[PDB]
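Next up is one chain by itself, shown in structure tokens, the form deposited in one PDB entry.
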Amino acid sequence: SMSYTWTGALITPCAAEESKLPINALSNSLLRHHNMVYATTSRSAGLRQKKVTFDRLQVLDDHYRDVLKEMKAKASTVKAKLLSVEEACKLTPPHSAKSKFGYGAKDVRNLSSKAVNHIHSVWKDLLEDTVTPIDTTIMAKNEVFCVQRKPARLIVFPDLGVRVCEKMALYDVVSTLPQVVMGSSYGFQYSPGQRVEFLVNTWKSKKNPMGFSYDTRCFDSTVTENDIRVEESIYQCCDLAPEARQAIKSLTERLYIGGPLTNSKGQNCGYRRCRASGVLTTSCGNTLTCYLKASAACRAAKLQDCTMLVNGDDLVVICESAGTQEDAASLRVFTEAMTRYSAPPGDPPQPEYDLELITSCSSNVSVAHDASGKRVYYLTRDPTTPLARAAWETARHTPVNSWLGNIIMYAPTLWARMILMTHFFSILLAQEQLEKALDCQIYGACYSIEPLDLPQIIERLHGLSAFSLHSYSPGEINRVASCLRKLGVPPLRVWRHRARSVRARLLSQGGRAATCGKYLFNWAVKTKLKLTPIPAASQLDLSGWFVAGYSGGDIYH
């Protein structure tokens, strides 16, 4: 069937949409080539509609059913709990989209009777009706890129009342089931340090390692009704309260499988028969379905000593080489199988023989050296999109601070340390906003973070070496430098100079600010301070951080 059917009604915005990079007195300190940076708007949604709309065929074989059997056996060991309304309400982001039914995210968060009443009525209707399609909204995402333009990605989500109900029925399932079913292959269980460790240990466990990323073309659109019913059958294996079983069946039939699409103006835009990108089960559903199809395709292709790492639709496979000819043929069979399962590639996958050439979760492994001269592996990326987004956030407040998410996940990198840390701490100092909690997204869930807790956060996720890395690889250095030239970003020498001021300013203020100056900017000075384990790091409550993925899942921690 068709991933989508369209009426002709346009996908519409709520507010005016800026596409040109907004400029203020701080923009030029970061980036000169403003016209390189753009944001997507609803006005390009028609272009995206074209791409995501296609027929899906699916041919399922013994490997497919075999792997599914294994997954269900593992799922059967999972006991999951129903969340109370209030419990589910407290998981709602403060900024989440308001209900069509007279209340908003803040009414949910502070448990207004109006919100709670409606949520109970929604839950009741779920138990009683397992057939009536549930309305969704389709919106266009506003996201920031550098020019090579990408059309806007789309988001499809049910009403707020429904979203709290999903949490009630499925928050525990989607948080706990994936690791049990997929074990070490489940990517969202790892911090950056743990993930790079897993990638490096896996690479080193092969006699002759070969690896590849598999880019499915528009994954969500490839997801069929079969896939969604299959994922429900996996959920149903869990030990669940009777109400949870019924609500899960109901949400599957009425929401997850498909439904009508409505724009922000309330006009019918068409019908969805594929994965909605804005439901609680988006990340878990995609991860299970990706792992099932890939695991079975590995068996079809007869990959040797094959290890998978899966983050939703993001997949990397590391195995034993049979030489370049056989590896290319193997990957073709793997791709043929994935295609039969309804997950054809975007870019065809290529076998890689150097771990550092493999991009997965938008990141590649690279090497640097710590204080002792010891080798340290870390995850990095082309800093173009991070810097384009940082530029936008220099002039505009956004509900999610990409810059902060990037500093947290890419702390050990040359570009996050030299540029992002220097620029944004300078801004926080000038506004006297060091103390102010900032929102960011980690594995799709929303967190309120205090920038002053960064040293502890970084110690916990990357280790102390994150504060002492040097002697970066020529390849990493060249990619960073070439990016700075492209965007018109001041050279790293300018950033070192600026950093020395930021550092001294932070040290002058004492307390947690001085700690930031000491740890985050030790790289900026010749005569370094001694960086010992931070006392406060040991008390940090980072439970919930690297448990599961929640992209589009409307989750706040």
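Each residue number is its position in the shown sequence, starting from 1. What we label the rigid core is the largest C-alpha set whose atoms superpose within 1.5 Å from one form to the other.
> Pick one of none, 1 to 3, 4 to 9 or 10 or more for the number of deposited-sequence residues not modelled between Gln148 and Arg149.
According to the record, 4 to 9 deposited residues lack coordinates from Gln148 to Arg149.
> Per the record, averaged over C-alpha atoms, which has the higher B-factor: 510 to 518 or 527 to 535?
If you average the C-alpha B-factors of 527 to 535 and of 510 to 518, the larger mean comes out for 527 to 535.
> Which is higher on average in the deposited entry, the C-alpha temperature factors of 114 to 122 or of 247 to 255?
Mean C-alpha B-factor is greater for 114 to 122.
> From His95, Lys167, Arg389, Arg273, pick the one with the largest CA B-factor in the entry?
The record points to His95.
> Highest Cα B-factor in the PDB entry belongs to which of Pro158, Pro474, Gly187, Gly285?
Top of the list by C-alpha B-factor: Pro474.
> In terms of the CA temperature factor given in the entry, to which third of its chain does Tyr556 belong: lowest, middle or highest?
Answer is highest: the recorded C-alpha B-factor places it there.
> C-alpha B factor of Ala437, ranked within the chain: lowest, middle or highest third?
Highest third of the chain for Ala437's C-alpha B-factor.
> Compared with the other modelled residues in the chain, in which third is the CA B-factor of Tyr103?
For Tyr103, the deposited C-alpha B-factor lands in the highest third.
> What third of its chain, lowest, middle or highest, does the C-alpha temperature factor of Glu459 fall into?
Answer is highest: the recorded C-alpha B-factor places it there.
> Would the CA B-factor of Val494 place it in the lowest, middle or highest third of its chain?
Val494: CA B-factor falls in the highest third of its chain.
Although it is not shown, the form deposited in another entry is what the next lines describe.
> Once the core is aligned, does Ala97 move its Cα by at least 2 Å between this form and the one not shown?
No, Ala97 moves less than 2 Å.
> Is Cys14 among the residues whose Cα moves by 2 Å or more between this form and the one not shown after superposition of the rigid core?
The answer is no, as the C-alpha of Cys14 shifts between this form and the one not shown by less than 2 Å after core alignment.
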